[PDB]
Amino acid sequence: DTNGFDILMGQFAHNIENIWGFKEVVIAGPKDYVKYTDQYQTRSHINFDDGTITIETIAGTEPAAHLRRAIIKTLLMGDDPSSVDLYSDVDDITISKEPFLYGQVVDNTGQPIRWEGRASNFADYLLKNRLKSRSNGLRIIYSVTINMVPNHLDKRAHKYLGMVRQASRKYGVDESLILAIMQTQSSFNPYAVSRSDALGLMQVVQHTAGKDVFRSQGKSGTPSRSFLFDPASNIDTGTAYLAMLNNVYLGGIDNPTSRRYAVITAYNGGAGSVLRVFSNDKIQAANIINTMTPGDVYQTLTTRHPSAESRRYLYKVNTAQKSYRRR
C-alpha cells in the first residue's frame, strides 16, 4: 500500500497549517478545488456548490502581484484534472485556448474569458476595485472574490452529459440517477477528492468500488488515480458500480423504486451496510424490504441507518434526481 499518500496529505496540511495558521487550513475537497502555489503563499479556491472563486495570498511582499498571477492562471486553466496535484505546491496549472471555467464566469464587462488579454484586464479590475483584506488575528490575508454565473452548475454539467448518455446506454442505468449522484458528490468538479480518497466526478474509491468494477469486467487490478481522474473513465466506472449494485448486490429487491433507494444509499454506504439495516442476514433483510412500500423504504433508510452521512445522502440524491428525471 502507498499509504505514503496519507503521509503527504499529512505533510501537505501541516505545511499549510504552519503558514496560514490552524484557522486557515483550506484544502481541496469533493466540491472545492484548492490550489496552493508560490510555496504555499498563494491559494486559489473554487467553491463549486456556491459558485464562487476566491483567490487569496498571505505573502507580505507584493501581494497584488501574485494574486494577479493566480487570478489569470485559474481563469484560463485547461482542465486536465489527472495532471493537476492539489496536494502539492508545484505550479502544474497550464494555460489553454479552452479554459475549464470558460462560460462559468464572466468579467465585469459581461464577457466569458478565454484570452489572456481579457483575463488580465479583469484581474487588474478586481485588484483595483474588489481587493479585500482580512487578518487571522495574527497576519494579513489579501483576497479577491469572483462570483460565477448563476447557472454555473448547468454549464459545468454540460461538459459531461455525453459521457452520461453513453454510460447510461451501456449499463442500463437512468441518466437522471447518474447525474443526481454526480451533482451531489462533486457538483461536477473533475478535480474532486475526498478525505477517504474517493476520486473524481462520481467520487469513486479505488480499492473498493474501483476494484469491484475491474474484477466484474474480466479486468485485473485497481484503477489508478489518473484513470479515475479522467471524466470518461470515472463516469463509466461509477455508472458500472451503480449497475453492479442494482443487479448483483441488491437484485434481491424486487421493487425497482425500493431497489433504487437501496442502490443510492449503498453507492455511498456499501450494499452491506444497507442490507444490515433490515438485519444481519442478507436473506430476509431483502424480504423485510419486500414487505414495505417504497415510501417506507425511503423512510426507514432516511431515519434508521447508521451512517448519518448516508441518511442525508439518500435524501439529497433523490431530491436532485427528481429535477433531472423530467424531460
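Numbers follow the displayed sequence, beginning with 1.
Colleague: Highest mean C-alpha temperature factor of the two stretches 46-54 and 277-285, which is it?
Modeller: According to the PDB entry, the answer is 277-285.
Colleague: Do the CA atoms of 109-117 or those of 149-157 have the higher mean B-factor in the entry?
Modeller: Looking at the record's C-alpha B-factors, the answer is 109-117.
Colleague: Checking the entry, which one of 214, 102, 125, 188 has the top C-alpha B factor?
Modeller: Among 214, 102, 125, 188, the PDB entry lists the largest C-alpha B-factor for 214.
Colleague: If you check the C-alpha B-factor for each of 193, 253, 243, 202 in the entry, which is highest?
Modeller: Within the set 193, 253, 243, 202, 253 shows the top C-alpha B-factor.
Colleague: Check where residue 40 lands among this chain's C-alpha B-factors and tell me if it's the lowest, middle or highest third.
Modeller: According to the entry, residue 40 has a C-alpha B-factor in the chain's highest third.
Colleague: If you rank the chain by CA B-factor, which third does residue 28 end up in: lowest, middle or highest?
Modeller: Bottom third by C-alpha B-factor.
Colleague: If you rank every modelled residue in this chain by C-alpha B factor, which third holds residue 70: lowest, middle or highest?
Modeller: It falls in the middle third of the chain.
Colleague: Would you check the entry's CA temperature factor for residue 176 and let me know if it's in the chain's lowest, middle or highest third?
Modeller: Its C-alpha B-factor belongs to the lowest third of this chain's values.
Colleague: By the record's CA B-factor, is residue 320 among the lowest, middle or highest third of residues in the chain?
Modeller: Its C-alpha B-factor, which the entry lists for residue 320, ranks in the lowest third among residues of this chain.
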